[PDB]
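A structural walkthrough
The residues making up each chain are set out below.
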Amino acid sequence: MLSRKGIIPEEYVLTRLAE
Amino acid sequence: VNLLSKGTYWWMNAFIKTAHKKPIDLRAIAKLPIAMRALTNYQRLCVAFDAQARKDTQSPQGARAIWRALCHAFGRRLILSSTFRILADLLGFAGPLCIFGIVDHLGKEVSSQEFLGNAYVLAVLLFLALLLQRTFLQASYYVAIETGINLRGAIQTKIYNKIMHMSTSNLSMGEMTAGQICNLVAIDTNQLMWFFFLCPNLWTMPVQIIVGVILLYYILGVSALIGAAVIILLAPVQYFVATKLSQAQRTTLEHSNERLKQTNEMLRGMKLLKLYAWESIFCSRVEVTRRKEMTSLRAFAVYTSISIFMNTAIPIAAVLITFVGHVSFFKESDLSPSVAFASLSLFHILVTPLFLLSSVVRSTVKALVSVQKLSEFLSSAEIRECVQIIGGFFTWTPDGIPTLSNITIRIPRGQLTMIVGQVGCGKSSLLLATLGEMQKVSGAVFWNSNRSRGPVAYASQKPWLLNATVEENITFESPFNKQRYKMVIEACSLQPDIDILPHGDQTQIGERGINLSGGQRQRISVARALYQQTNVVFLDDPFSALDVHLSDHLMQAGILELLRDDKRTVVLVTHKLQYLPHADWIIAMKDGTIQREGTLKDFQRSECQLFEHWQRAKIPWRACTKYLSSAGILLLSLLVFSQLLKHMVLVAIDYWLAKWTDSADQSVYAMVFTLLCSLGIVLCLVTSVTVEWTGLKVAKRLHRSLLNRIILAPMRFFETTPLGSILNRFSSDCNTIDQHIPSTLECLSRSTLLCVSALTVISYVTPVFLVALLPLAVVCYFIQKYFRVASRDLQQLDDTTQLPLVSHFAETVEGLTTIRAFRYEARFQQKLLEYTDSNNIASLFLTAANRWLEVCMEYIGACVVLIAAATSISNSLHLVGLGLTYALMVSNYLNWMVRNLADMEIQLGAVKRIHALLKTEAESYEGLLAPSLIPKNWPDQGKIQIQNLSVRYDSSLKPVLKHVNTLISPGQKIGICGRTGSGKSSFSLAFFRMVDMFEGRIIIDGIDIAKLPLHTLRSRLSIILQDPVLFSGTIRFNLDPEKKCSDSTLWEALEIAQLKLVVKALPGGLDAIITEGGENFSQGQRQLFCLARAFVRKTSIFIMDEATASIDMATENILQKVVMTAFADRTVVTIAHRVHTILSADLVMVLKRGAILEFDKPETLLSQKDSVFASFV
Ligand SMILES: CCOc1cc(CC(=O)N[C@@H](CC(C)C)c2ccccc2N2CCCCC2)ccc1C(=O)O
Ligand SMILES: Nc1ncnc2c1ncn2[C@@H]1O[C@H](COP(=O)(O)OP(=O)(O)OP(=O)(O)O)[C@@H](O)[C@H]1O
């Protein structure tokens, strides 16, 4: 994986409702 | 789809050509087959645990038992992705072997051994073996994903099927909340899904090391053993940096999470902060949190400028160790070009597995943890295995200690029963146990109404509102009948809620939406039970929670008529005993046990009655606004020049490597390869550091600008733009432009610049490659164009699908007992299986579009293999191995150039969102006077005169006030109230220069209020709004953060309102931490804060607003405190919602419909005069 979108993800993030 | 086209994903081509013209809705990517369902894989997983629990005498579903169950259910598809992975890798090995053959039969000039003695023939059997490396690799990529995605499907179900059986005790539900179990579904399940994405790699990568050792040894020798040792002894220090990164990344996440709570307090309470001139204080409170978050993201950047560095530098040092050791230590079979340009490809292959092996073993550890977390969850407490209770011993402790015993409750059909008792008498507990949610130690609860149970309506005491429309929260997945709904809306007074809402019946209510008032939240929950037409209604204190008093009367008058007409039995526990001996067949319990049961007259005859008597656009403008504006030339040019110079060294390291192998000037061959590879290694460090450094210097000066130009915005913007819009672009886009862009920026700027470099190597090796590359590049352009357009759409359709799934795993857990009470399990079960299958069908087509790109782009790259081989040989009979070892890489550069390009494009769009916020600014602070000499030491005269001020918000056609004239002299404490929808709230806010008085003049204390700086105005005139919330912090700091007056003054100000007893007898005192929302002081404390701000500012004027709903005794206490506030100030122009507190005034202005209707200079003539008395009565 020369490009890094690798499997080391921080899964948890919070995003409120759009608009 | 057949095997001829399933391996190349030919069916995508009709899906991506339509996705370019139209967009992708869920109706476009819609159908989901039988094998890839959540239910089908869940049925397979139940079979696995059943066949284990038949086979296993040892019972429980421990972590050993889950892995045996997953293997027996998903082995037959994991073997087909490890078999294809072993063959994709082994056929991949043939590629290096072919390079060795090509260059041997080039230079210096049984029939099958001579068939592979060629270079024309050997290129074709190189080309027609790379088509099998590149098709088997994808087939095993996809099968791993398809099997992995299925585990997402059948574990989220098998998690959710226990949420349908979890016990809501204070032991179990008290320990693990919804936040714990949501991160099991969100965080944990993904890292068990990702283990099955990487499950063949821990099988395959050990083969790669073994063959990689063996073939490199056969190609070059015992020097290959020394070289491949240096990679495998730098793989554990690849692991240490990847461990320390995730350690620091957790720190950064748990630090900015605390920042986002502080930012939520600033955005949600920007109204009261802007009016009290307290936007700058909370700004510098979040900026210091950003300082500490920036030093945490710096450590993230340091440990991620090594990960890039170790990935590149460690192989190059290993390769140089191999050859220089094969030259300095012993050169027996020196570097002929067939040997050297072939073992570069053997290392260029083993660059990738060994430094991805560190991150596989990482994701095996996380899988071991995840089945530890899931098995410790999946052995929680099961629930169990008209209403007449005989013995009734029932506990919340799963062994012993009944909270309700000797409960002999009888409730036959055709009934209406109140339940009253002490606060803590086992009353709410009796209803939940009656519904079947607590463990019957003895007795039984029986049933026969219209083993065998009954669907029962339920209202929780802490009310629960699903995130939906208010109508849809009321309807609650039941057929809409607008006559029943109409009766409910009027009865609970939902008309003022709908009108005050931004949308009404379409308003997003509950959690993740409008955090309504607690009584308003209670009214929504109460109405659902009445609407639902369930055969029995159990209301757990609606009247004791009933905020609106006349509606509380009306609730009982509607609930009597509804119960009597429907003949739906109703048990309504409350300890408001107004109806309690009238017509309720009451059941009073005391101290956990039933005390008396019988008719109402029996309780009149038991002498306890007396007690009751008492969309297609790239964004180069946002990318130009990102880099050139934020970073500055002094490190933009260094990053842009170090990228090119690192990437000219990578051709210069290879170009000179070619020109030494021809000779196979020996110590000059060594002294330029060492002095090129070392500077090549050195430039790797100073480009990996400069990428991540520029990320930190753009993340800072974006967020600092974003905060300090949204705390410079008018409050009319905060009411016009939603606070979810500002906060999402705040929180999520700052995470992308900190944690996700610069790594992608470095990876794209490495990959695509190397991609052009690799196609430069080919085009100079065969200098009529320009003819060869012009048609093939066009096809590469078109696949690029139709992939970005496609996989942006499926990208957001992935992400905007995950959130309604995890919000369902919140709303199931919080309002759990409602769902089990309606006997309603299987209708929130099926909403999951639509939410689950909407996430998998938008993740499968994301990965099938990913595989379509890779199959198609590699076939473009394999054409580069054959054409670079064929045209170079026919040239070199008239630097060919080095050209041919680059053609293998090009098949795996064109992939990741496109893959990063799409991802960078998606990430770049998070910078345009922030710059759209940074163009919204108004509400100037200019004082057009002599700005320090014309205002004196304090404007506190109290002479607020209005001269025909015409004020509005809409700025287009709709004024609120017109022609108003009012001159409250110093001391004229003139509480002005008017018509209830006309102008009253507007009058209070506009006085603080926060609305557009489009004409006239409004002088205050001899100075024009329009010609003063907003900071000066807003500080020097206090207020108290309707029902505000509290900022979390120290108590003196909450009362006055920038005080600098005195501490004795703060005590005098706090005591002068109320709550000095609770302030003194708090466990903190003057530095007491306000516990995250003001859940422990008062609503009076806001008046205390207003009193402290008024006294500390040394003003006389004050504009005071209404009060929503509280203890009227506390409000009379507040009114008396306002009189006490008057008996310091003597000037106040205070509006009021209910006029009966406003009847003690000194002059009164009555406003009707949006004009001045009356101006009564006494407040007693108002009772005589008809228009004012009509508003008074
Ligand atoms: C949703 C995950 O979808 C995938 C899942 C896989 C399976 C797989 O081994 N993955 C990891 C490897 C780990 C060790 C980093 C990976 C992830 C991202 C990019 C490339 C890679 N490597 C693949 C192995 C060889 C070098 C690069 C492949 C590709 C994809 C994909 O659609 O991008
Ligand atoms: N899951 C649980 N586990 C253990 N104890 C519980 C649980 N749920 C409630 N309780 C306790 O049992 C009591 C049940 O209600 P209570 O006896 O207070 O009747 P109530 O006063 O009408 O209800 P409330 O006071 O909650 O309005 C609560 O006081 C609470 O302390």
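Residues numbered from 1 in each chain as written, not as in the entry; some residues may be left out. Chains lettered and ligands numbered in written order. Heavy atoms only, no water. Residues with missing side-chain atoms left out of burial classes, pairs and counts.

**Some details on the UniProt feature "binding site: ATP" in chain B**
Residue and element names in this part refer to chain B. Following the UniProt record, one finds the feature "binding site: ATP" at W396, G424, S428, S429 and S1082. Structurally, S429 is set in helix α16 (residues 427-434). Along the polypeptide, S1082 turns up in the loop between α39 (1060-1064) and α40 (1084-1097). Of note is the side chain of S1082, whose polar atom sits 2.5 Å from the backbone nitrogen of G1084. (UniProt positions renumbered as here; feature names shortened; annotations may be inferred. Helix = DSSP H or I, 4+ residues; strand = E, 2+ residues; numbered from the N terminus. Polar contact = N/O pair within 3.5 Å; in protein donor to acceptor, adjacent residues only side chain to side chain.)

**Topic: the UniProt feature "binding site: Mg(2+)" in chain B**
What UniProt calls "binding site: Mg(2+)" maps, in this numbering, to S428 and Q461 of chain B. By the secondary structure assignment, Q461 of chain B is in the loop between β6 (457-459) and α17 (470-475).

**Thoughts on the packing of helix α24 (residues 620-631) of chain B against helix α34 (residues 894-917) of chain B**
Residues and elements named next belong to chain B. With their axes 8 Å apart at the nearest point, α24 and α34 run at an angle of 80° to one another. Viewed along their axes, α24 and α34 adopt a mutual orientation that is roughly perpendicular. The segment α24 lies against α34, with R622, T625 and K626 engaging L908, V911, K912 and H915. When grouped by side-chain class, the residues that make up the contact of α24 with α34 number two nonpolar, two polar and three charged. (Axes fitted to C-alpha atoms, helices over the stretch in contact; angles between N-to-C directions. Parallel < 35°, antiparallel > 145°, perpendicular 65-115°, else oblique. Contact = heavy atoms within 4.5 Å. Nonpolar A, V, L, I, M, F, W, Y, C, P; charged D, E, K, R; others polar.)

**Structural notes on the packing of aromatic side chains**
All names here are of chain B. Considering the side-chain rings of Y9 and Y142, the 5.9 Å spacing of their centres and the 75° angle between planes classify their relative orientation as edge-to-face. On the numbers, 5.4 Å between centres and 70° between planes, the contact of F717 with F718 is edge-to-face. Counting every residue linked through ring pairs, the aromatic cluster contains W464, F476, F822, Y824 and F828. Here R528 stacks its cationic end above the ring of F476, 5.2 Å away from the centre of that ring. Across from the ring centre of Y786, 3.6 Å away, lies the NZ or CZ of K785, which sits over that ring. (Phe/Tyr/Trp six-rings, centres within 6.5 Å; stacked < 30°, edge-to-face > 60°. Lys NZ or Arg CZ within 6 Å of the ring centre and 35° of its normal.)

**Thoughts on the interface of chain B and chain A**
Residue-level contacts link 28 residues of chain B with 14 residues of chain A. Elements that contribute at least two residues to the side of chain B that touches chain A include exactly α8 (178-197), α11 (236-268), α15 (337-377), α28 (723-739), α29 (741-765) and α34 of chain B. Per-class residue counts for the side of chain B that touches chain A are eleven nonpolar, 14 polar and three charged.

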